$ cat final_13.cif   # mmCIF, C-alpha atoms and all ligand atoms
data_my_file
#
loop_
_atom_site.label_atom_id
_atom_site.label_comp_id
_atom_site.auth_asym_id
_atom_site.auth_seq_id
_atom_site.Cartn_x
_atom_site.Cartn_y
_atom_site.Cartn_z
CA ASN P 229 0.00 0.00 0.00
CA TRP P 230 2.93 2.32 -0.82
CA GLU P 231 0.89 5.17 -2.31
CA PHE P 232 -1.59 5.33 0.70
CA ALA P 233 1.42 5.45 3.10
CA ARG P 234 2.91 8.29 1.03
CA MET P 235 -0.29 10.31 1.18
CA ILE P 236 -0.58 9.68 4.98
CA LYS P 237 3.07 10.89 5.45
CA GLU P 238 2.35 14.09 3.43
CA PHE P 239 -0.71 14.77 5.56
CA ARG P 240 1.21 14.13 8.81
CA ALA P 241 4.28 16.32 7.84
CA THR P 242 1.99 19.34 7.44
CA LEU P 243 -0.16 18.66 10.46
CA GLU P 244 1.01 20.67 13.46
CA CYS P 245 -0.10 18.66 16.51
CA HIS P 246 -0.91 19.64 20.12
CA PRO P 247 -2.12 16.46 21.86
CA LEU P 248 -3.22 16.02 25.45
CA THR P 249 -0.78 16.18 28.36
CA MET P 250 -1.33 15.87 32.12
CA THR P 251 -1.18 19.64 32.63
CA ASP P 252 -4.43 19.90 30.75
CA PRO P 253 -7.01 20.25 33.52
CA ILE P 254 -9.17 17.34 34.69
CA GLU P 255 -12.76 17.87 33.44
CA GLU P 256 -15.95 17.02 35.35
CA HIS P 257 -18.49 15.42 33.03
CA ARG P 258 -21.69 13.50 33.66
CA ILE P 259 -20.90 11.55 30.43
CA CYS P 260 -17.25 11.42 29.40
CA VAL P 261 -16.44 9.80 25.98
CA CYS P 262 -12.83 9.19 25.01
CA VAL P 263 -10.78 7.35 22.47
CA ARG P 264 -7.47 5.54 22.97
CA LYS P 265 -5.10 4.60 20.14
CA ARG P 266 -2.75 1.73 20.93
CA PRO P 267 0.60 1.48 19.04
CA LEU P 268 1.21 -0.93 16.14
CA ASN P 269 2.65 -4.12 17.61
CA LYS P 270 5.84 -5.86 16.30
CA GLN P 271 3.74 -8.40 14.33
CA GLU P 272 1.84 -5.55 12.63
CA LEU P 273 5.09 -3.75 11.79
CA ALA P 274 6.40 -7.14 10.46
CA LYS P 275 3.37 -7.50 8.12
CA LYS P 276 3.95 -3.87 6.97
CA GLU P 277 0.68 -2.44 8.46
CA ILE P 278 0.37 1.30 7.84
CA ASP P 279 -0.73 3.50 10.81
CA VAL P 280 -3.94 5.25 9.62
CA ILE P 281 -4.71 7.26 12.84
CA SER P 282 -3.53 10.77 13.73
CA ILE P 283 -4.31 12.74 16.88
CA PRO P 284 -3.68 16.48 16.35
CA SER P 285 -5.33 17.72 19.54
CA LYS P 286 -6.71 16.89 22.93
CA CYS P 287 -10.15 16.21 21.43
CA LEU P 288 -9.61 15.28 17.75
CA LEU P 289 -8.91 11.96 16.17
CA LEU P 290 -8.34 11.60 12.42
CA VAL P 291 -8.79 8.41 10.39
CA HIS P 292 -6.81 8.32 7.11
CA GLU P 293 -9.21 6.09 5.22
CA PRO P 294 -7.77 4.63 1.96
CA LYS P 295 -10.25 5.06 -0.88
CA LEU P 296 -10.52 4.31 -4.62
CA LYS P 297 -12.27 6.38 -7.26
CA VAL P 298 -14.29 4.73 -10.12
CA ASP P 299 -11.19 5.48 -12.29
CA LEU P 300 -8.97 3.73 -9.66
CA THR P 301 -7.30 6.98 -8.47
CA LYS P 302 -6.15 6.40 -4.88
CA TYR P 303 -7.08 9.06 -2.32
CA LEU P 304 -7.52 9.52 1.45
CA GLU P 305 -10.84 10.16 3.02
CA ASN P 306 -9.50 11.84 6.19
CA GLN P 307 -12.33 11.47 8.68
CA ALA P 308 -12.43 13.55 11.88
CA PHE P 309 -14.06 12.61 15.17
CA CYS P 310 -14.25 14.83 18.26
CA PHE P 311 -14.24 13.38 21.79
CA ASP P 312 -13.83 14.69 25.36
CA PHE P 313 -10.30 13.29 25.32
CA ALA P 314 -8.20 11.52 22.69
CA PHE P 315 -5.27 9.46 23.97
CA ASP P 316 -2.41 8.66 21.63
CA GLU P 317 0.01 5.75 21.72
CA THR P 318 2.27 7.64 24.18
CA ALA P 319 -0.48 7.82 26.85
CA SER P 320 0.13 5.38 29.77
CA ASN P 321 -2.72 3.73 31.74
CA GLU P 322 -2.05 6.30 34.49
CA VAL P 323 -2.64 9.22 32.11
CA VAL P 324 -5.82 7.61 30.70
CA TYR P 325 -7.09 6.94 34.27
CA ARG P 326 -6.53 10.58 35.32
CA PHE P 327 -8.99 11.95 32.83
CA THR P 328 -11.57 9.10 32.87
CA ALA P 329 -12.17 6.94 35.95
CA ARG P 330 -10.24 8.98 38.50
CA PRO P 331 -12.56 11.96 38.84
CA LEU P 332 -15.45 9.45 39.32
CA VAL P 333 -13.88 7.89 42.47
CA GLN P 334 -15.00 10.88 44.62
CA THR P 335 -18.57 10.35 43.27
CA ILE P 336 -18.94 7.07 45.13
CA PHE P 337 -17.85 8.83 48.42
CA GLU P 338 -20.55 11.51 47.90
CA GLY P 339 -23.04 8.62 47.75
CA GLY P 340 -23.23 8.39 43.96
CA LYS P 341 -22.88 5.79 41.22
CA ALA P 342 -20.05 5.63 38.75
CA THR P 343 -19.39 3.43 35.69
CA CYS P 344 -16.43 3.02 33.32
CA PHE P 345 -16.55 0.99 30.11
CA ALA P 346 -13.89 -0.03 27.60
CA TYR P 347 -15.35 -0.58 24.18
CA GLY P 348 -13.76 -1.54 20.77
CA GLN P 349 -12.54 -4.41 18.58
CA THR P 350 -10.77 -7.46 19.94
CA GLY P 351 -7.05 -6.66 20.12
CA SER P 352 -7.71 -2.84 20.65
CA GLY P 353 -6.64 -2.52 24.25
CA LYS P 354 -9.71 -2.91 26.44
CA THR P 355 -8.22 -5.50 28.81
CA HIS P 356 -4.86 -3.72 28.81
CA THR P 357 -6.67 -0.51 29.87
CA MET P 358 -8.93 -2.10 32.57
CA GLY P 359 -6.99 -5.12 33.91
CA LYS P 371 -1.39 -1.44 36.20
CA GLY P 372 -5.03 -1.28 34.92
CA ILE P 373 -7.94 0.97 35.84
CA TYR P 374 -9.44 -1.62 38.28
CA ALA P 375 -6.26 -1.47 40.41
CA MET P 376 -5.84 2.28 40.22
CA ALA P 377 -9.48 2.96 41.18
CA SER P 378 -9.16 0.48 44.06
CA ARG P 379 -5.96 2.19 45.25
CA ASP P 380 -7.61 5.63 45.24
CA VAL P 381 -10.74 4.29 47.02
CA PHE P 382 -8.49 3.16 49.90
CA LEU P 383 -6.68 6.59 49.96
CA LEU P 384 -9.98 8.48 50.05
CA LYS P 385 -11.44 6.36 52.88
CA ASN P 386 -8.30 6.88 55.07
CA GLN P 387 -8.90 10.67 54.87
CA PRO P 388 -10.37 12.46 57.99
CA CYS P 389 -13.67 13.46 56.27
CA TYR P 390 -14.52 9.93 55.14
CA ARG P 391 -12.62 8.02 57.88
CA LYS P 392 -15.41 9.30 60.15
CA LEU P 393 -18.20 7.56 58.13
CA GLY P 394 -17.22 3.95 59.11
CA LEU P 395 -16.99 2.81 55.49
CA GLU P 396 -16.08 -0.73 54.40
CA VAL P 397 -15.02 -1.69 50.83
CA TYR P 398 -16.45 -4.73 49.06
CA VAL P 399 -15.78 -6.11 45.64
CA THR P 400 -17.37 -8.32 42.99
CA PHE P 401 -16.10 -9.64 39.71
CA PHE P 402 -18.34 -11.42 37.17
CA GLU P 403 -18.61 -12.05 33.47
CA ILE P 404 -21.61 -11.97 31.13
CA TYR P 405 -21.70 -14.41 28.25
CA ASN P 406 -24.75 -15.03 26.04
CA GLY P 407 -27.15 -13.44 28.57
CA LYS P 408 -25.75 -15.51 31.49
CA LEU P 409 -23.78 -14.26 34.47
CA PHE P 410 -20.82 -16.15 35.90
CA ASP P 411 -19.12 -15.38 39.22
CA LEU P 412 -15.33 -15.21 38.63
CA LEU P 413 -14.52 -15.00 42.36
CA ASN P 414 -16.72 -18.10 43.15
CA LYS P 415 -15.64 -20.67 40.51
CA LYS P 416 -17.67 -19.34 37.47
CA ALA P 417 -21.05 -20.15 39.18
CA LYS P 418 -24.03 -19.38 36.94
CA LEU P 419 -25.88 -16.74 39.06
CA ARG P 420 -29.35 -15.35 38.20
CA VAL P 421 -30.60 -11.83 37.70
CA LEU P 422 -34.10 -10.96 39.00
CA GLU P 423 -36.19 -7.81 38.88
CA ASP P 424 -39.07 -6.85 41.20
CA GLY P 425 -42.24 -4.75 40.84
CA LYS P 426 -40.38 -1.53 41.72
CA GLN P 427 -37.79 -2.19 38.95
CA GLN P 428 -35.08 -3.10 41.47
CA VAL P 429 -32.57 -5.65 40.16
CA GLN P 430 -30.60 -8.18 42.17
CA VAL P 431 -28.03 -10.72 41.07
CA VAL P 432 -29.03 -13.59 43.26
CA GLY P 433 -26.09 -15.60 44.60
CA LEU P 434 -23.46 -12.87 43.88
CA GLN P 435 -21.18 -12.63 46.90
CA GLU P 436 -19.53 -9.35 47.76
CA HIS P 437 -15.99 -9.78 49.17
CA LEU P 438 -14.70 -7.51 51.93
CA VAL P 439 -11.24 -6.08 51.26
CA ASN P 440 -8.95 -3.90 53.46
CA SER P 441 -6.29 -3.00 50.90
CA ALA P 442 -5.73 -2.45 47.20
CA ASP P 443 -3.35 -5.44 47.31
CA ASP P 444 -6.24 -7.67 48.41
CA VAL P 445 -8.26 -6.39 45.37
CA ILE P 446 -5.36 -7.06 42.95
CA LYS P 447 -5.24 -10.62 44.30
CA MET P 448 -9.03 -10.79 43.58
CA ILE P 449 -8.64 -9.40 39.98
CA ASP P 450 -5.80 -11.88 39.34
CA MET P 451 -7.86 -14.71 40.85
CA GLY P 452 -10.75 -13.58 38.64
CA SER P 453 -8.86 -12.93 35.39
CA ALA P 454 -7.42 -16.47 35.50
CA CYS P 455 -11.01 -17.86 35.25
CA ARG P 456 -12.20 -15.69 32.32
CA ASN P 466 -12.92 -16.64 24.26
CA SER P 467 -12.93 -13.72 26.68
CA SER P 468 -13.25 -11.55 23.57
CA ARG P 469 -16.90 -12.77 23.43
CA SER P 470 -17.90 -11.77 26.98
CA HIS P 471 -18.23 -8.74 29.25
CA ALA P 472 -16.33 -8.64 32.51
CA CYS P 473 -17.48 -6.40 35.32
CA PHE P 474 -15.60 -5.46 38.41
CA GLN P 475 -17.37 -3.50 41.09
CA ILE P 476 -16.27 -1.45 44.03
CA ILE P 477 -19.03 -1.07 46.56
CA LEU P 478 -18.81 1.34 49.55
CA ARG P 479 -21.02 0.32 52.53
CA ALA P 480 -21.49 2.62 55.58
CA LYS P 481 -22.87 0.17 58.16
CA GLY P 482 -23.83 -2.62 55.74
CA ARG P 483 -26.00 0.05 54.05
CA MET P 484 -24.80 0.87 50.53
CA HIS P 485 -23.17 4.24 50.28
CA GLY P 486 -21.76 4.18 46.74
CA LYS P 487 -20.79 1.95 43.83
CA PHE P 488 -18.29 2.01 40.97
CA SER P 489 -18.68 -0.54 38.20
CA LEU P 490 -15.89 -1.02 35.71
CA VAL P 491 -16.45 -3.05 32.60
CA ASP P 492 -14.24 -4.63 29.96
CA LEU P 493 -16.79 -5.21 27.21
CA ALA P 494 -17.03 -7.95 24.57
CA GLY P 495 -15.35 -7.12 21.28
CA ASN P 496 -17.58 -5.13 18.98
CA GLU P 497 -16.29 -6.65 15.73
CA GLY P 513 -22.50 -11.85 17.66
CA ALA P 514 -26.17 -10.89 17.84
CA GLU P 515 -26.22 -11.06 21.63
CA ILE P 516 -23.06 -8.88 21.79
CA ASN P 517 -24.37 -6.29 19.32
CA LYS P 518 -27.75 -5.94 21.07
CA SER P 519 -25.95 -5.73 24.42
CA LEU P 520 -23.68 -2.87 23.11
CA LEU P 521 -26.64 -1.09 21.52
CA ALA P 522 -28.61 -1.41 24.79
CA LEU P 523 -25.73 0.16 26.71
CA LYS P 524 -25.60 3.13 24.34
CA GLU P 525 -29.30 3.78 24.88
CA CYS P 526 -28.96 3.63 28.66
CA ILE P 527 -25.94 5.96 28.59
CA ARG P 528 -27.91 8.29 26.28
CA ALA P 529 -30.76 8.34 28.86
CA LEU P 530 -28.43 9.12 31.72
CA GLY P 531 -27.11 11.98 29.52
CA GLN P 532 -30.61 13.47 29.34
CA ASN P 533 -31.02 12.94 33.18
CA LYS P 534 -34.12 10.76 32.56
CA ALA P 535 -35.99 9.06 35.40
CA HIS P 536 -36.20 5.76 33.53
CA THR P 537 -33.89 4.07 31.02
CA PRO P 538 -34.30 1.03 28.82
CA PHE P 539 -32.18 -1.12 31.19
CA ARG P 540 -34.06 -4.30 30.46
CA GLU P 541 -32.76 -4.69 26.87
CA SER P 542 -29.63 -6.66 27.95
CA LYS P 543 -28.32 -8.41 31.04
CA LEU P 544 -25.44 -5.92 31.27
CA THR P 545 -27.71 -2.90 31.46
CA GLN P 546 -30.19 -4.71 33.80
CA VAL P 547 -27.44 -5.46 36.31
CA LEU P 548 -26.20 -1.84 36.09
CA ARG P 549 -29.73 -0.30 35.96
CA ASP P 550 -29.09 1.68 39.12
CA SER P 551 -26.05 3.44 37.59
CA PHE P 552 -28.04 5.04 34.72
CA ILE P 553 -30.34 7.07 36.99
CA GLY P 554 -30.00 9.63 39.77
CA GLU P 555 -28.66 13.16 40.20
CA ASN P 556 -25.12 12.05 41.01
CA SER P 557 -24.70 9.18 38.49
CA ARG P 558 -21.76 9.55 36.09
CA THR P 559 -20.17 7.41 33.38
CA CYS P 560 -17.09 7.33 31.19
CA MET P 561 -16.48 5.29 28.07
CA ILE P 562 -13.06 4.63 26.56
CA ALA P 563 -13.24 3.60 22.92
CA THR P 564 -10.05 1.65 22.20
CA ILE P 565 -8.82 1.49 18.58
CA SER P 566 -6.26 -0.55 16.61
CA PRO P 567 -4.44 1.86 14.28
CA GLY P 568 -3.58 -0.48 11.37
CA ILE P 569 -4.85 0.01 7.81
CA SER P 570 -6.41 -3.46 7.79
CA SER P 571 -8.59 -2.60 10.81
CA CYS P 572 -9.77 0.70 9.33
CA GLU P 573 -13.42 -0.36 8.86
CA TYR P 574 -13.60 -1.75 12.43
CA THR P 575 -12.01 1.43 13.74
CA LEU P 576 -14.64 3.53 11.98
CA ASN P 577 -17.42 1.36 13.40
CA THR P 578 -16.05 1.83 16.90
CA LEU P 579 -15.80 5.62 16.38
CA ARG P 580 -19.29 5.96 14.90
CA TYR P 581 -20.68 4.17 17.92
CA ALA P 582 -18.71 6.28 20.45
CA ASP P 583 -19.81 9.38 18.55
CA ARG P 584 -23.49 8.60 19.35
CA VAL P 585 -22.94 7.82 23.06
CA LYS P 586 -22.84 11.51 24.18
CA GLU P 587 -24.94 14.39 22.80
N1 LIG Y 601 -1.74 1.21 24.87
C1 LIG Y 601 -1.07 0.08 24.69
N2 LIG Y 601 0.29 0.09 24.78
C2 LIG Y 601 1.00 -1.06 24.60
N3 LIG Y 601 0.40 -2.26 24.33
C3 LIG Y 601 -0.95 -2.38 24.25
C4 LIG Y 601 -1.77 -1.20 24.43
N4 LIG Y 601 -3.06 -1.61 24.32
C5 LIG Y 601 -3.06 -2.94 24.07
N5 LIG Y 601 -1.78 -3.40 24.04
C6 LIG Y 601 -1.38 -4.80 23.81
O1 LIG Y 601 -2.01 -5.29 22.63
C7 LIG Y 601 -2.56 -6.61 22.87
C8 LIG Y 601 -4.09 -6.63 22.80
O2 LIG Y 601 -4.67 -5.85 23.87
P1 LIG Y 601 -5.88 -6.32 24.79
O3 LIG Y 601 -5.93 -5.42 25.97
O4 LIG Y 601 -5.78 -7.78 25.07
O5 LIG Y 601 -7.08 -6.08 23.75
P2 LIG Y 601 -8.67 -6.37 23.89
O6 LIG Y 601 -8.91 -6.62 25.32
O7 LIG Y 601 -9.34 -5.09 23.38
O8 LIG Y 601 -8.93 -7.51 22.95
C9 LIG Y 601 -2.08 -7.02 24.25
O9 LIG Y 601 -0.85 -7.79 24.18
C10 LIG Y 601 -1.89 -5.68 24.92
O10 LIG Y 601 -1.10 -5.70 26.10
MG MG Y 602 -9.72 -8.36 26.29
#
$ encode --input "final_13.cif" --output "structure tokens" --more "lines below"
Ligand SMILES: Nc1ncnc2c1ncn2[C@@H]1O[C@H](COP(=O)(O)OP(=O)(O)O)[C@@H](O)[C@H]1O
Ligand SMILES: [Mg+2]
Amino acid sequence: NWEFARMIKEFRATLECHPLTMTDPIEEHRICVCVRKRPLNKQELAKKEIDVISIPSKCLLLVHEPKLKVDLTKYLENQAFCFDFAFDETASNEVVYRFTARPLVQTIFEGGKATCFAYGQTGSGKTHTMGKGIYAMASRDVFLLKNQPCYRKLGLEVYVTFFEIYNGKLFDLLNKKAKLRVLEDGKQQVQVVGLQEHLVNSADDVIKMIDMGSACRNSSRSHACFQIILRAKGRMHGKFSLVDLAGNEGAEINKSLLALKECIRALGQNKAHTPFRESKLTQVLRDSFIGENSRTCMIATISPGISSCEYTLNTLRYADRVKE
């Protein structure tokens, strides 16, 4: 694809770039939508994959889409997408976390609900981002916040869960992949019956849990959900749910992802009710899509190679419609 690479180089040599750094200020969003470009791996560089993604600013991602005219003239359809944050291949997990999940950790101490989702094709970087990862960094900061004088008063304990969702069925990853069941009552309250919450006193305990759990969980065909639950005297104070979604590149997965978008869209419009029932994922998280102090972030992970271009565009089109 020598000519497409040449055109991409000419575009990049003229593009003056000012991407995100950590001295950009943390932003407080109800709905935060971001994109994360991973680097080409050694195998992609070996197969001579072209990088078709540029990030000229904090908010802007460009796709250099290779196109053919009817007369077989090669050109680039350079497509732009605008997000709350765009993270390039130099952004570490710590930098991503700062602008996404980290500002939502306080939310659960104010008695709110927080969610964080990684979304994109298999091989994009969802598990790398969540599972070092955002689960561990959130857990760390939860234990720093609850040792502070303000919140050390409240008598808070920290509990955790870790489950996967495959083909509309929930499996407990901390209790031997037991097939739990999700039930809803007349007041639209949802409970995952048989899901045990595990008490934890340190972030090191949680990392042992995530490692225990990850060993259990193709994991590209399932959702994995790790929850941090704050309880005040056994009474729930706050909850953070963090989800490594199934790869979006079949019919169960697609309806699940579509369901999630609609629930996030409803949260965005501060609606009293959302269409939570349309997948198991959204049913289990129903509580996180409603309320005054409910907040969410989604990280759309992308593979930058020319051969993934159509999957990249699908991911970006979806992420584009998550926040209005
Ligand atoms: N930002 C990144 N920097 C370096 N390597 C990455 C990055 N994102 C993903 N990878 C690596 O690429 C491979 C695929 O990532 P993974 O997290 O398993 O993808 P997914 O969960 O979306 O299928 C892994 O070996 C992973 O560690
Ligand atoms: Mg994965």
$ closest_atom_pairs --input "final_13.cif" --of "chain P" --to "ligand MG 602 (chain Y)" --cutoff "10 Å" --atoms "all atoms listed in the file" --output "JSON lines"
{"residue": "P:346", "atom": "CA", "partner": "Y:MG602", "partner_atom": "MG", "distance": 9.4}
{"residue": "P:347", "atom": "CA", "partner": "Y:MG602", "partner_atom": "MG", "distance": 9.8}
{"residue": "P:348", "atom": "CA", "partner": "Y:MG602", "partner_atom": "MG", "distance": 9.7}
{"residue": "P:349", "atom": "CA", "partner": "Y:MG602", "partner_atom": "MG", "distance": 9.1}
{"residue": "P:350", "atom": "CA", "partner": "Y:MG602", "partner_atom": "MG", "distance": 6.5}
{"residue": "P:351", "atom": "CA", "partner": "Y:MG602", "partner_atom": "MG", "distance": 6.9}
{"residue": "P:352", "atom": "CA", "partner": "Y:MG602", "partner_atom": "MG", "distance": 8.1}
{"residue": "P:353", "atom": "CA", "partner": "Y:MG602", "partner_atom": "MG", "distance": 6.9}
{"residue": "P:354", "atom": "CA", "partner": "Y:MG602", "partner_atom": "MG", "distance": 5.5}
{"residue": "P:355", "atom": "CA", "partner": "Y:MG602", "partner_atom": "MG", "distance": 4.1}
{"residue": "P:356", "atom": "CA", "partner": "Y:MG602", "partner_atom": "MG", "distance": 7.2}
{"residue": "P:357", "atom": "CA", "partner": "Y:MG602", "partner_atom": "MG", "distance": 9.2}
{"residue": "P:358", "atom": "CA", "partner": "Y:MG602", "partner_atom": "MG", "distance": 8.9}
{"residue": "P:359", "atom": "CA", "partner": "Y:MG602", "partner_atom": "MG", "distance": 8.7}
{"residue": "P:456", "atom": "CA", "partner": "Y:MG602", "partner_atom": "MG", "distance": 9.8}
{"residue": "P:466", "atom": "CA", "partner": "Y:MG602", "partner_atom": "MG", "distance": 9.1}
{"residue": "P:467", "atom": "CA", "partner": "Y:MG602", "partner_atom": "MG", "distance": 6.3}
{"residue": "P:468", "atom": "CA", "partner": "Y:MG602", "partner_atom": "MG", "distance": 5.5}
{"residue": "P:469", "atom": "CA", "partner": "Y:MG602", "partner_atom": "MG", "distance": 8.9}
{"residue": "P:470", "atom": "CA", "partner": "Y:MG602", "partner_atom": "MG", "distance": 8.9}
{"residue": "P:471", "atom": "CA", "partner": "Y:MG602", "partner_atom": "MG", "distance": 9.0}
{"residue": "P:472", "atom": "CA", "partner": "Y:MG602", "partner_atom": "MG", "distance": 9.1}
{"residue": "P:492", "atom": "CA", "partner": "Y:MG602", "partner_atom": "MG", "distance": 6.9}
{"residue": "P:493", "atom": "CA", "partner": "Y:MG602", "partner_atom": "MG", "distance": 7.8}
{"residue": "P:494", "atom": "CA", "partner": "Y:MG602", "partner_atom": "MG", "distance": 7.5}
{"residue": "P:495", "atom": "CA", "partner": "Y:MG602", "partner_atom": "MG", "distance": 7.6}
$ atom_distance --input "final_13.cif" --atom1 "atom CA of residue P:414" --atom2 "atom CA of residue P:540"
25.5 Å
$ residues_around --input "final_13.cif" --residues "residue P:242" --least-positions-apart "5" --cutoff "12 Å" --atoms "all atoms listed in the file" --output "list in words"
residues 235, 236, 237, 282 and 284 of chain P
$ write_last_selection --input "final_13.cif" --atoms "C-alpha atoms" --output "JSON list (two decimals), keeping the file's coordinate frame"
[["chain", "number", "residue", "atom", "x", "y", "z"],
["P", 235, "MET", "CA", -0.29, 10.31, 1.18],
["P", 236, "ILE", "CA", -0.58, 9.68, 4.98],
["P", 237, "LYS", "CA", 3.07, 10.89, 5.45],
["P", 282, "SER", "CA", -3.53, 10.77, 13.73],
["P", 284, "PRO", "CA", -3.68, 16.48, 16.35]]
$ atom_distance --input "final_13.cif" --atom1 "atom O5 of ligand LIG 601 (chain Y)" --atom2 "atom CA of residue P:315"
15.6 Å
$ closest_residue --input "final_13.cif" --among "P:336, P:310, P:250, P:429" --to "residue P:324" --atoms "all atoms listed in the file"
P:250
$ residues_near_point --input "final_13.cif" --point "(2.3, 1.4, 18.6)" --cutoff "12 Å" --atoms "all atoms listed in the file" --output "PDB file with C-alpha atoms, keeping the file's coordinate frame"
ATOM      1  CA  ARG P 264      -7.470   5.540  22.970  1.00  0.00           C
ATOM      2  CA  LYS P 265      -5.100   4.600  20.140  1.00  0.00           C
ATOM      3  CA  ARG P 266      -2.750   1.730  20.930  1.00  0.00           C
ATOM      4  CA  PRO P 267       0.600   1.480  19.040  1.00  0.00           C
ATOM      5  CA  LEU P 268       1.210  -0.930  16.140  1.00  0.00           C
ATOM      6  CA  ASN P 269       2.650  -4.120  17.610  1.00  0.00           C
ATOM      7  CA  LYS P 270       5.840  -5.860  16.300  1.00  0.00           C
ATOM      8  CA  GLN P 271       3.740  -8.400  14.330  1.00  0.00           C
ATOM      9  CA  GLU P 272       1.840  -5.550  12.630  1.00  0.00           C
ATOM     10  CA  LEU P 273       5.090  -3.750  11.790  1.00  0.00           C
ATOM     11  CA  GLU P 277       0.680  -2.440   8.460  1.00  0.00           C
ATOM     12  CA  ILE P 278       0.370   1.300   7.840  1.00  0.00           C
ATOM     13  CA  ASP P 279      -0.730   3.500  10.810  1.00  0.00           C
ATOM     14  CA  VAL P 280      -3.940   5.250   9.620  1.00  0.00           C
ATOM     15  CA  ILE P 281      -4.710   7.260  12.840  1.00  0.00           C
ATOM     16  CA  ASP P 316      -2.410   8.660  21.630  1.00  0.00           C
ATOM     17  CA  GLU P 317       0.010   5.750  21.720  1.00  0.00           C
ATOM     18  CA  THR P 318       2.270   7.640  24.180  1.00  0.00           C
ATOM     19  CA  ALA P 319      -0.480   7.820  26.850  1.00  0.00           C
ATOM     20  CA  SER P 352      -7.710  -2.840  20.650  1.00  0.00           C
ATOM     21  CA  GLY P 353      -6.640  -2.520  24.250  1.00  0.00           C
ATOM     22  CA  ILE P 565      -8.820   1.490  18.580  1.00  0.00           C
ATOM     23  CA  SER P 566      -6.260  -0.550  16.610  1.00  0.00           C
ATOM     24  CA  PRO P 567      -4.440   1.860  14.280  1.00  0.00           C
ATOM     25  CA  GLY P 568      -3.580  -0.480  11.370  1.00  0.00           C
TER      26      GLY P 568
END
$ axis_aligned_box --input "final_13.cif" --around "stretch 374-393 of chain P" --padding-each-side "3 Å" --output "lines of an AutoDock Vina configuration file"
center_x = -12.0
center_y = 5.9
center_z = 49.2
size_x = 18.4
size_y = 21.1
size_z = 27.9
$ atom_distance --input "final_13.cif" --atom1 "atom CA of residue P:443" --atom2 "atom CA of residue P:255"
28.7 Å
$ closest_residue --input "final_13.cif" --among "P:533, P:301, P:475, P:517" --to "residue P:343" --atoms "all atoms listed in the file"
P:475
$ residues_near_point --input "final_13.cif" --point "(-19.0, -8.0, 49.7)" --cutoff "7 Å" --atoms "only C-alpha atoms" --output "number ranges by chain"
P: 398-400, 435-438
$ closest_residue --input "final_13.cif" --among "P:335, P:577, P:307, P:440" --to "residue P:556" --atoms "all atoms listed in the file"
P:335
$ closest_residue --input "final_13.cif" --among "P:441, P:489, P:542, P:559" --to "residue P:528" --atoms "only C-alpha atoms"
P:559
$ residues_around --input "final_13.cif" --residues "residue P:260" --least-positions-apart "2" --cutoff "12 Å" --atoms "all atoms listed in the file" --output "ChimeraX atom specification"
/P:254-258,262-263,287,311-314,327-332,342-345,527-528,530-531,557-563,582-583,585-587
$ closest_residue --input "final_13.cif" --among "P:427, P:395, P:521, P:405" --to "residue P:481" --atoms "all atoms listed in the file"
P:395
$ build_atoms --input "final_13.cif" --residues "stretch 480-490 of chain P" --atoms "N, CA and C atoms" --output "short mmCIF file (atom, residue, chain, number, x, y, z; two decimals), keeping the file's coordinate frame"
data_model
loop_
_atom_site.label_atom_id
_atom_site.label_comp_id
_atom_site.auth_asym_id
_atom_site.auth_seq_id
_atom_site.Cartn_x
_atom_site.Cartn_y
_atom_site.Cartn_z
N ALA P 480 -21.68 1.70 54.43
CA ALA P 480 -21.49 2.62 55.58
C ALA P 480 -21.67 1.92 56.92
N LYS P 481 -22.72 1.11 57.03
CA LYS P 481 -22.87 0.17 58.16
C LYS P 481 -23.54 -1.12 57.66
N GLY P 482 -23.11 -1.58 56.49
CA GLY P 482 -23.83 -2.62 55.74
C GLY P 482 -24.79 -1.99 54.73
N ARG P 483 -25.16 -0.73 54.97
CA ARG P 483 -26.00 0.05 54.05
C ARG P 483 -25.12 0.58 52.91
N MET P 484 -25.58 0.42 51.67
CA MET P 484 -24.80 0.87 50.53
C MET P 484 -24.68 2.37 50.50
N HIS P 485 -23.45 2.83 50.34
CA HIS P 485 -23.17 4.24 50.28
C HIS P 485 -22.91 4.65 48.84
N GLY P 486 -22.13 3.85 48.11
CA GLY P 486 -21.76 4.18 46.74
C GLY P 486 -21.26 2.97 46.00
N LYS P 487 -21.21 3.07 44.66
CA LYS P 487 -20.79 1.95 43.83
C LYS P 487 -20.11 2.41 42.53
N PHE P 488 -18.99 1.77 42.21
CA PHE P 488 -18.29 2.01 40.97
C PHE P 488 -18.26 0.71 40.24
N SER P 489 -18.78 0.67 39.01
CA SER P 489 -18.68 -0.54 38.20
C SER P 489 -17.79 -0.30 36.99
N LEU P 490 -16.89 -1.24 36.71
CA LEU P 490 -15.89 -1.02 35.71
C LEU P 490 -15.93 -2.22 34.84
#
